[PDB]
């Protein structure tokens, strides 16, 4: 059980994995967890999904898997090495905390596997209206492998397949180990959302999760990468600006076919025929954050 200064980490520890399709509020979610005094998530590691994908490709190739098994590099060996690699990155790339956490969006395509490597780990799958996520990719020019930012239809098709896989993984892991978290409900009702989430995680309530913007860059708080694309959004308090700014910007033929391009919308409970849906009524807390954000209380940082 390797140490950090005095916190011990190991494959049996309670870990939190946060993920989902990029542009779904995954940075906001992990920032609110980072605010909790018992948790550290930190920035996207980038390398954890890369080594997962490679290791999965080794076993999917019949030829490579035979060579590896003949060499004694069995699944048992691959699994022990993946555990060791992932724990070191999670443990070392940020401050120590009692509960460690990782947010790399596409790790949730592998939640079944991760839940076997880490038997007391839990998963938060961020779910956001595919139309809002795709509009974010395209307008912010966020580069994602496989997503052609010149085509709403292609991005929505890829969004649909991505969340289809991650949602199935979530369902296979089961209600005790993976919780779908709806972005729109997180923004409309942050206190109610975090209360359910922390209860699902087995972690005591702390108000700090509702104050993540007080804790940017502070010891025990929210560490941000200046390069990550959500940084200038997450430094503000929870607000409504991004709930449905996609309405009106989707080509008419894609609106027409929305239910066929993205059947996962209705699977997940979204109204694929509304432009936009009424997602709910915001807490006064969030209404007040929103008007302050829109009127200019929060300045763009110089960096």
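Residue numbers count along the first chain shown, from 1.
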*Across the other PDB entries of this protein that were compared, is residue 3 absent from at least a third?*
no
*What number of residues from the deposited sequence go unmodelled in the gap from residue 302 to residue 303, classed as none, 1 to 3, 4 to 9, or 10 or more?*
none
*Averaging C-alpha B-factors over each stretch, which comes out higher, 171-179 or 228-236?*
171-179
*Which of the two stretches, 143-151 or 76-84, shows the higher mean Cα temperature factor in the record?*
143-151
*C-alpha B-factor winner, where the candidates are 10, 25, 19, 284*: 10
*Specify which of 272, 248, 42, 269 carries the largest Cα B factor in the deposited PDB entry.*
248
*Tell me, lowest, middle or highest third: where does the Cα B factor of residue 97 rank within its chain?*
highest
*Record-listed C-alpha B factor of residue 214: chain third*: middle
*Relative C-alpha B-factor of residue 221, binned into the chain's lowest, middle or highest third*: middle
*By its CA B factor, does residue 128 count among the lowest, middle or highest third of the modelled residues in the chain?*
lowest
*Taking the values exactly as deposited, rank residue 196 by C-alpha B-factor within its chain and report the matching third: lowest, middle or highest.*
highest
